[PDB]
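J.: Contents of start.txt (compact mmCIF, C-alpha atoms):
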# COMPACT_ATOMS: atom_id res chain seq x y z
CA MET A 1 -92.49 72.30 30.69
CA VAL A 2 -95.44 69.77 30.91
CA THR A 3 -96.03 67.19 33.68
CA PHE A 4 -98.22 64.15 32.92
CA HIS A 5 -99.82 62.31 35.84
CA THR A 6 -100.43 58.80 34.42
CA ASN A 7 -102.04 55.78 36.13
CA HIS A 8 -98.61 53.98 35.58
CA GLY A 9 -96.59 56.95 37.02
CA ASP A 10 -95.56 60.61 36.73
CA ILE A 11 -93.71 61.83 33.54
CA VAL A 12 -92.11 65.29 32.86
CA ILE A 13 -91.54 66.84 29.39
CA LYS A 14 -89.38 69.91 28.42
CA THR A 15 -90.79 71.98 25.51
CA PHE A 16 -88.69 73.48 22.70
CA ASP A 17 -90.27 76.92 22.44
CA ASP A 18 -87.11 78.35 20.75
CA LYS A 19 -87.11 75.47 18.18
CA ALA A 20 -90.91 74.92 17.79
CA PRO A 21 -92.96 77.96 19.08
CA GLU A 22 -96.14 77.27 17.00
CA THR A 23 -96.07 73.51 17.77
CA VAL A 24 -95.53 74.07 21.54
CA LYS A 25 -98.17 76.89 21.77
CA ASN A 26 -100.90 74.57 20.36
CA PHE A 27 -99.85 71.71 22.73
CA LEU A 28 -99.94 74.03 25.78
CA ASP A 29 -103.25 75.61 24.62
CA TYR A 30 -104.83 72.09 24.88
CA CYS A 31 -103.18 71.24 28.25
CA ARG A 32 -104.50 74.67 29.50
CA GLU A 33 -108.08 73.58 28.56
CA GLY A 34 -107.48 70.07 30.07
CA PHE A 35 -107.87 68.33 26.64
CA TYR A 36 -105.17 65.72 27.53
CA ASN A 37 -106.86 64.94 30.90
CA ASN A 38 -108.20 61.34 30.73
CA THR A 39 -106.38 60.53 27.41
CA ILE A 40 -104.68 57.19 26.49
CA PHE A 41 -101.36 55.86 25.11
CA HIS A 42 -103.02 54.50 21.93
CA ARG A 43 -99.95 52.79 20.21
CA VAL A 44 -97.10 50.39 21.11
CA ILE A 45 -94.84 48.51 18.59
CA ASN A 46 -91.91 46.14 19.37
CA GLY A 47 -88.50 47.66 18.37
CA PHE A 48 -90.31 51.08 17.95
CA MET A 49 -91.92 53.94 20.00
CA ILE A 50 -95.28 54.71 21.79
CA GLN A 51 -98.01 57.22 20.65
CA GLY A 52 -100.48 58.97 23.00
CA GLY A 53 -103.05 61.69 23.81
CA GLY A 54 -105.16 60.93 20.66
CA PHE A 55 -108.17 59.11 22.27
CA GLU A 56 -110.27 58.52 25.43
CA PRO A 57 -110.42 55.09 27.28
CA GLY A 58 -113.62 54.08 25.40
CA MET A 59 -111.83 54.34 21.97
CA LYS A 60 -113.73 57.67 21.45
CA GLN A 61 -112.24 60.07 18.90
CA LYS A 62 -111.64 63.52 20.48
CA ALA A 63 -112.57 66.91 18.95
CA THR A 64 -109.14 67.65 17.35
CA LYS A 65 -108.63 71.20 15.94
CA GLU A 66 -106.02 73.73 14.71
CA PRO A 67 -103.63 71.60 12.55
CA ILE A 68 -100.00 72.84 12.76
CA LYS A 69 -97.26 72.88 10.10
CA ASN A 70 -94.20 70.63 10.47
CA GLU A 71 -91.35 72.59 12.23
CA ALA A 72 -88.82 69.67 11.77
CA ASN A 73 -86.49 72.05 9.79
CA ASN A 74 -85.30 73.25 13.28
CA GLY A 75 -82.57 70.51 13.06
CA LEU A 76 -83.70 68.49 16.14
CA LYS A 77 -83.54 64.65 16.31
CA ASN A 78 -85.49 61.61 17.56
CA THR A 79 -83.72 59.43 20.21
CA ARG A 80 -84.37 57.54 23.51
CA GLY A 81 -86.39 59.87 25.80
CA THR A 82 -87.57 62.50 23.22
CA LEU A 83 -91.02 63.74 22.04
CA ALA A 84 -92.39 64.65 18.60
CA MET A 85 -95.90 65.24 17.14
CA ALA A 86 -97.93 62.70 15.11
CA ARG A 87 -99.99 63.70 11.98
CA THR A 88 -103.69 63.12 11.04
CA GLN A 89 -103.03 62.11 7.36
CA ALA A 90 -100.88 64.87 5.69
CA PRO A 91 -97.41 66.05 7.04
CA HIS A 92 -98.97 69.48 8.03
CA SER A 93 -101.98 67.85 9.85
CA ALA A 94 -100.41 67.57 13.35
CA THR A 95 -103.43 68.61 15.50
CA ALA A 96 -103.13 67.11 19.04
CA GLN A 97 -101.16 63.79 18.76
CA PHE A 98 -97.64 63.06 20.11
CA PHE A 99 -95.26 60.17 20.85
CA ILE A 100 -92.41 59.27 23.24
CA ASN A 101 -89.35 57.80 21.48
CA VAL A 102 -88.31 54.65 23.50
CA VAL A 103 -85.54 53.74 20.94
CA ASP A 104 -83.08 55.63 18.69
CA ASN A 105 -84.94 56.16 15.37
CA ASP A 106 -83.03 58.45 12.92
CA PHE A 107 -85.55 57.89 10.10
CA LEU A 108 -88.00 60.28 11.96
CA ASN A 109 -85.53 63.27 11.54
CA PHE A 110 -85.19 66.14 8.99
CA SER A 111 -83.01 65.87 5.79
CA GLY A 112 -83.63 68.87 3.44
CA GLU A 113 -87.17 69.67 2.12
CA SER A 114 -87.44 66.26 0.31
CA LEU A 115 -90.79 64.41 0.89
CA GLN A 116 -89.21 60.89 1.01
CA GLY A 117 -86.62 62.22 3.59
CA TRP A 118 -87.97 64.48 6.38
CA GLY A 119 -90.14 63.04 9.22
CA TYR A 120 -91.77 64.78 12.25
CA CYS A 121 -90.97 67.78 14.45
CA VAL A 122 -89.35 67.26 17.88
CA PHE A 123 -91.40 69.82 19.83
CA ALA A 124 -90.07 68.51 23.19
CA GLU A 125 -88.03 65.96 25.21
CA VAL A 126 -88.59 63.69 28.25
CA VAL A 127 -86.98 65.03 31.49
CA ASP A 128 -88.28 62.47 34.06
CA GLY A 129 -90.39 59.27 34.00
CA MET A 130 -88.27 57.05 31.65
CA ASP A 131 -89.00 54.12 34.04
CA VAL A 132 -92.78 54.81 33.48
CA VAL A 133 -92.23 55.01 29.66
CA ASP A 134 -90.42 51.61 29.92
CA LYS A 135 -93.38 50.32 32.05
CA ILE A 136 -96.09 51.56 29.58
CA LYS A 137 -94.33 49.70 26.66
CA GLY A 138 -93.19 46.70 28.77
CA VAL A 139 -96.34 45.64 30.76
CA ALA A 140 -98.24 43.62 28.07
CA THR A 141 -99.67 43.88 24.48
CA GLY A 142 -102.81 42.71 22.65
CA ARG A 143 -104.84 44.32 19.79
CA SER A 144 -108.52 45.48 19.94
CA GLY A 145 -111.51 45.64 17.51
CA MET A 146 -111.25 49.50 17.16
CA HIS A 147 -107.43 50.08 17.52
CA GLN A 148 -104.59 47.66 16.67
CA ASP A 149 -101.02 47.56 18.13
CA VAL A 150 -102.20 48.68 21.64
CA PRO A 151 -101.23 47.75 25.25
CA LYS A 152 -103.73 45.20 26.73
CA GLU A 153 -103.30 46.82 30.18
CA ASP A 154 -104.92 50.29 30.55
CA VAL A 155 -102.56 53.31 30.21
CA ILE A 156 -104.18 56.73 30.82
CA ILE A 157 -103.04 60.26 31.50
CA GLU A 158 -105.24 60.86 34.60
CA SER A 159 -104.20 64.55 34.80
CA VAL A 160 -101.89 67.23 33.27
CA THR A 161 -99.98 70.25 34.71
CA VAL A 162 -98.10 73.03 32.81
CA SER A 163 -94.85 73.96 34.68
CA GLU A 164 -92.62 77.08 34.24
As structure tokens - that is how I would like this structure written.

T.:
Amino acid sequence: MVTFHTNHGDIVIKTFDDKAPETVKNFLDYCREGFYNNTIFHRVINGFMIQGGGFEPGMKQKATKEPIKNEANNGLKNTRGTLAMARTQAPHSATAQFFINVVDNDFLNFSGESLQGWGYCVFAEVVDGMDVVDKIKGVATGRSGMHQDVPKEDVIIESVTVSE
């Protein structure tokens, strides 16, 4: 389990270690080093989800390492209050980026080893903090010179805790 302490509120995530052991190990290995401490929610899109953990509050690109393969063939799905990993550029380039699904979005799921079909691996789910997820996407929006489709109000993960 992972707890995020954000400046908009506390959020709790349950990891799928039985469904995504390699994906979860790499996530926890970063949280264990504190690599998600002082990281931002760097995307918000109307009628779609929020992405986070990929940058610092100065739009500084972090030292992302150890790209993971896409474990989406575990048969898990993307709905309201679930988490999956984001890629760098290729489908097996998921280093250290994730998102929280604020809507039901079937098109992110697995089909059957067909490149136009299968999306991204659900490594985890939200357990608590849905009201904070709805705050982070609901406060206000306005795009910047370095990153577009961002909240205009500041959303940071101030600290992180791994729970068992």

J.: Do a neighbour search on stretch 121-123 of chain A at 7 Å with all atoms listed in the file, toss out local chain neighbours closer than 3 positions, and write the hits as a PyMOL selection string.

T.: chain A and resi 15-16+20+23-24+70-72+76-78+83-85

J.: Looking at A:19, A:8, A:87, A:92, which one is nearest to residue A:129, with distances taken over all atoms listed in the file?

T.: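 Ranking A:19, A:8, A:87, A:92 by distance to residue A:129, first place goes to A:8.
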
J.: Within 12 Å of residue A:60, counting all atoms listed in the file, which residues qualify if same-chain residues fewer than 2 places away don't, as a list in words?

T.: residues 38, 39, 40, 42, 53, 54, 55, 56, 57, 58, 62, 63, 64, 146 and 147 of chain A

J.: For the residues selected in the previous step, produce a file with C-alpha atoms as a short mmCIF file (atom, residue, chain, number, x, y, z; two decimals), keeping the file's coordinate frame.

T.:
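Okay, this is what ended up in out.cif:
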data_model
loop_
_atom_site.label_atom_id
_atom_site.label_comp_id
_atom_site.auth_asym_id
_atom_site.auth_seq_id
_atom_site.Cartn_x
_atom_site.Cartn_y
_atom_site.Cartn_z
CA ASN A 38 -108.20 61.34 30.73
CA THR A 39 -106.38 60.53 27.41
CA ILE A 40 -104.68 57.19 26.49
CA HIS A 42 -103.02 54.50 21.93
CA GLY A 53 -103.05 61.69 23.81
CA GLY A 54 -105.16 60.93 20.66
CA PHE A 55 -108.17 59.11 22.27
CA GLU A 56 -110.27 58.52 25.43
CA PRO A 57 -110.42 55.09 27.28
CA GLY A 58 -113.62 54.08 25.40
CA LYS A 62 -111.64 63.52 20.48
CA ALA A 63 -112.57 66.91 18.95
CA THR A 64 -109.14 67.65 17.35
CA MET A 146 -111.25 49.50 17.16
CA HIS A 147 -107.43 50.08 17.52
#

J.: Please return, as a PDB file with C-alpha atoms, in the frame of the given file, all polymer residues that have at least one atom within 7 Å of the point (-89.2, 71.9, 28.0); use all atoms listed in the file and the file's own coordinate frame.

T.:
ATOM      1  CA  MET A   1     -92.490  72.300  30.690  1.00  0.00           C
ATOM      2  CA  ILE A  13     -91.540  66.840  29.390  1.00  0.00           C
ATOM      3  CA  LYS A  14     -89.380  69.910  28.420  1.00  0.00           C
ATOM      4  CA  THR A  15     -90.790  71.980  25.510  1.00  0.00           C
ATOM      5  CA  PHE A  16     -88.690  73.480  22.700  1.00  0.00           C
ATOM      6  CA  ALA A 124     -90.070  68.510  23.190  1.00  0.00           C
ATOM      7  CA  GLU A 125     -88.030  65.960  25.210  1.00  0.00           C
TER       8      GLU A 125
END

J.: Smallest atom-to-atom distance to residue A:50: which of A:21, A:112, A:81, A:67, using only C-alpha atoms?

T.: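 Distance minimum relative to residue A:50 lands on A:81.
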
J.: Which one is closest to residue A:2: A:29, A:101, A:79, A:22? Count only C-alpha atoms.

T.: A:29

J.: Around stretch 51-63 of chain A, with edges along x, y and z and 8 Å added on all six sides, what centre and edge lengths do you get, in Å to one decimal, as lines of an AutoDock Vina configuration file?

T.:
center_x = -105.9
center_y = 60.5
center_z = 23.1
size_x = 31.7
size_y = 28.8
size_z = 24.4

J.: Work out how far atom CA of residue A:113 is from atom CA of residue A:47, in Å to one decimal.

T.: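 A separation of 27.4 Å between them.
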
J.: Could you check the closest approach to residue A:154 for each of A:27, A:41, A:35, A:4 and tell me which residue wins, using only C-alpha atoms?

T.: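 Smallest separation from residue A:154 among the options: A:41.
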
J.: One number please: atom CA of residue A:150 to atom CA of residue A:43, in Å, one decimal.

T.: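 Taking atom CA of residue A:150 as the start and atom CA of residue A:43 as the end point, the length is 4.9 Å.
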
J.: A:127, A:94, A:59, A:115: which is nearest residue A:145, counting all atoms listed in the file?

T.: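 Closest to residue A:145 of all the choices is A:59.
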
J.: Using Å and a single decimal, report how far atom CA of residue A:133 sits from atom CA of residue A:110.

T.: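 Computing it gives 24.5 Å between the two atoms.
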
J.: Using all atoms listed in the file, can you tell me which of A:25, A:135, A:80, A:32 comes closest to residue A:7?

T.: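 Among the listed residues, the smallest separation from residue A:7 belongs to A:135.
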
J.: Could you pull the residues within 12 Å of residue A:33, counting all atoms listed in the file, minus those fewer than 5 positions along the same chain, as a PDB file with C-alpha atoms, in the frame of the given file?

T.:
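Dumped to part08.pdb:
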ATOM      1  CA  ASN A  26    -100.900  74.570  20.360  1.00  0.00           C
ATOM      2  CA  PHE A  27     -99.850  71.710  22.730  1.00  0.00           C
ATOM      3  CA  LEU A  28     -99.940  74.030  25.780  1.00  0.00           C
ATOM      4  CA  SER A 159    -104.200  64.550  34.800  1.00  0.00           C
ATOM      5  CA  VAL A 160    -101.890  67.230  33.270  1.00  0.00           C
ATOM      6  CA  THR A 161     -99.980  70.250  34.710  1.00  0.00           C
ATOM      7  CA  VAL A 162     -98.100  73.030  32.810  1.00  0.00           C
TER       8      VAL A 162
END

J.: Kindly complete stretch 54-75 of chain A to N, CA, C and O atoms; the output should be written as a PDB file, keeping the file's coordinate frame.

T.:
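Resulting contents of selection-v2.pdb:
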ATOM      1  N   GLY A  54    -104.270  60.844  21.831  1.00  0.00           N
ATOM      2  CA  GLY A  54    -105.160  60.930  20.660  1.00  0.00           C
ATOM      3  C   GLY A  54    -106.596  60.450  20.881  1.00  0.00           C
ATOM      4  O   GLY A  54    -107.457  60.757  20.058  1.00  0.00           O
ATOM      5  N   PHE A  55    -106.868  59.724  21.974  1.00  0.00           N
ATOM      6  CA  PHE A  55    -108.170  59.110  22.270  1.00  0.00           C
ATOM      7  C   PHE A  55    -108.497  59.097  23.770  1.00  0.00           C
ATOM      8  O   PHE A  55    -107.626  59.303  24.617  1.00  0.00           O
ATOM      9  N   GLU A  56    -109.760  58.805  24.080  1.00  0.00           N
ATOM     10  CA  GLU A  56    -110.270  58.520  25.430  1.00  0.00           C
ATOM     11  C   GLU A  56    -110.334  56.995  25.683  1.00  0.00           C
ATOM     12  O   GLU A  56    -110.320  56.220  24.721  1.00  0.00           O
ATOM     13  N   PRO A  57    -110.470  56.521  26.940  1.00  0.00           N
ATOM     14  CA  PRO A  57    -110.420  55.090  27.280  1.00  0.00           C
ATOM     15  C   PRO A  57    -111.510  54.194  26.686  1.00  0.00           C
ATOM     16  O   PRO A  57    -111.380  52.971  26.713  1.00  0.00           O
ATOM     17  N   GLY A  58    -112.559  54.792  26.115  1.00  0.00           N
ATOM     18  CA  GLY A  58    -113.620  54.080  25.400  1.00  0.00           C
ATOM     19  C   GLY A  58    -113.422  53.985  23.886  1.00  0.00           C
ATOM     20  O   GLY A  58    -114.381  53.720  23.161  1.00  0.00           O
ATOM     21  N   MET A  59    -112.198  54.246  23.398  1.00  0.00           N
ATOM     22  CA  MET A  59    -111.830  54.340  21.970  1.00  0.00           C
ATOM     23  C   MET A  59    -112.579  55.471  21.230  1.00  0.00           C
ATOM     24  O   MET A  59    -112.778  55.414  20.014  1.00  0.00           O
ATOM     25  N   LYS A  60    -112.988  56.513  21.968  1.00  0.00           N
ATOM     26  CA  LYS A  60    -113.730  57.670  21.450  1.00  0.00           C
ATOM     27  C   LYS A  60    -112.748  58.668  20.852  1.00  0.00           C
ATOM     28  O   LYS A  60    -111.792  59.086  21.510  1.00  0.00           O
ATOM     29  N   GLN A  61    -113.004  59.053  19.611  1.00  0.00           N
ATOM     30  CA  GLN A  61    -112.240  60.070  18.900  1.00  0.00           C
ATOM     31  C   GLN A  61    -112.577  61.465  19.445  1.00  0.00           C
ATOM     32  O   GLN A  61    -113.726  61.915  19.392  1.00  0.00           O
ATOM     33  N   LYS A  62    -111.550  62.136  19.972  1.00  0.00           N
ATOM     34  CA  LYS A  62    -111.640  63.520  20.480  1.00  0.00           C
ATOM     35  C   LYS A  62    -111.841  64.567  19.374  1.00  0.00           C
ATOM     36  O   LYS A  62    -111.614  64.319  18.190  1.00  0.00           O
ATOM     37  N   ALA A  63    -112.237  65.766  19.799  1.00  0.00           N
ATOM     38  CA  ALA A  63    -112.570  66.910  18.950  1.00  0.00           C
ATOM     39  C   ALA A  63    -111.313  67.712  18.563  1.00  0.00           C
ATOM     40  O   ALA A  63    -111.116  68.849  19.003  1.00  0.00           O
ATOM     41  N   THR A  64    -110.428  67.089  17.783  1.00  0.00           N
ATOM     42  CA  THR A  64    -109.140  67.650  17.350  1.00  0.00           C
ATOM     43  C   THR A  64    -109.314  68.814  16.365  1.00  0.00           C
ATOM     44  O   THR A  64    -110.113  68.760  15.425  1.00  0.00           O
ATOM     45  N   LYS A  65    -108.560  69.889  16.617  1.00  0.00           N
ATOM     46  CA  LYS A  65    -108.630  71.200  15.940  1.00  0.00           C
ATOM     47  C   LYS A  65    -107.239  71.767  15.645  1.00  0.00           C
ATOM     48  O   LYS A  65    -106.230  71.217  16.092  1.00  0.00           O
ATOM     49  N   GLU A  66    -107.209  72.890  14.928  1.00  0.00           N
ATOM     50  CA  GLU A  66    -106.020  73.730  14.710  1.00  0.00           C
ATOM     51  C   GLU A  66    -104.764  72.929  14.296  1.00  0.00           C
ATOM     52  O   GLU A  66    -103.793  72.851  15.057  1.00  0.00           O
ATOM     53  N   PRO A  67    -104.782  72.306  13.100  1.00  0.00           N
ATOM     54  CA  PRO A  67    -103.630  71.600  12.550  1.00  0.00           C
ATOM     55  C   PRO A  67    -102.438  72.551  12.354  1.00  0.00           C
ATOM     56  O   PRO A  67    -102.580  73.672  11.855  1.00  0.00           O
ATOM     57  N   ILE A  68    -101.251  72.085  12.748  1.00  0.00           N
ATOM     58  CA  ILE A  68    -100.000  72.840  12.760  1.00  0.00           C
ATOM     59  C   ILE A  68     -99.137  72.356  11.591  1.00  0.00           C
ATOM     60  O   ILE A  68     -99.193  71.184  11.197  1.00  0.00           O
ATOM     61  N   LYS A  69     -98.284  73.243  11.079  1.00  0.00           N
ATOM     62  CA  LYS A  69     -97.260  72.880  10.100  1.00  0.00           C
ATOM     63  C   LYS A  69     -96.044  72.235  10.765  1.00  0.00           C
ATOM     64  O   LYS A  69     -95.796  72.403  11.956  1.00  0.00           O
ATOM     65  N   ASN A  70     -95.295  71.466   9.986  1.00  0.00           N
ATOM     66  CA  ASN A  70     -94.200  70.630  10.470  1.00  0.00           C
ATOM     67  C   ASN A  70     -92.906  71.448  10.649  1.00  0.00           C
ATOM     68  O   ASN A  70     -92.226  71.775   9.679  1.00  0.00           O
ATOM     69  N   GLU A  71     -92.544  71.781  11.893  1.00  0.00           N
ATOM     70  CA  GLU A  71     -91.350  72.590  12.230  1.00  0.00           C
ATOM     71  C   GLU A  71     -90.050  71.757  12.336  1.00  0.00           C
ATOM     72  O   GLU A  71     -89.111  72.131  13.037  1.00  0.00           O
ATOM     73  N   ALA A  72     -89.971  70.586  11.682  1.00  0.00           N
ATOM     74  CA  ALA A  72     -88.820  69.670  11.770  1.00  0.00           C
ATOM     75  C   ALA A  72     -87.518  70.248  11.176  1.00  0.00           C
ATOM     76  O   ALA A  72     -86.423  69.836  11.559  1.00  0.00           O
ATOM     77  N   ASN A  73     -87.618  71.265  10.315  1.00  0.00           N
ATOM     78  CA  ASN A  73     -86.490  72.050   9.790  1.00  0.00           C
ATOM     79  C   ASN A  73     -85.740  72.886  10.858  1.00  0.00           C
ATOM     80  O   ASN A  73     -84.857  73.674  10.513  1.00  0.00           O
ATOM     81  N   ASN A  74     -86.043  72.696  12.148  1.00  0.00           N
ATOM     82  CA  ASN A  74     -85.300  73.250  13.280  1.00  0.00           C
ATOM     83  C   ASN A  74     -83.991  72.485  13.587  1.00  0.00           C
ATOM     84  O   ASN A  74     -83.175  72.957  14.380  1.00  0.00           O
ATOM     85  N   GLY A  75     -83.786  71.319  12.961  1.00  0.00           N
ATOM     86  CA  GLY A  75     -82.570  70.510  13.060  1.00  0.00           C
ATOM     87  C   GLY A  75     -82.514  69.576  14.273  1.00  0.00           C
ATOM     88  O   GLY A  75     -81.462  68.986  14.537  1.00  0.00           O
TER      89      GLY A  75
END
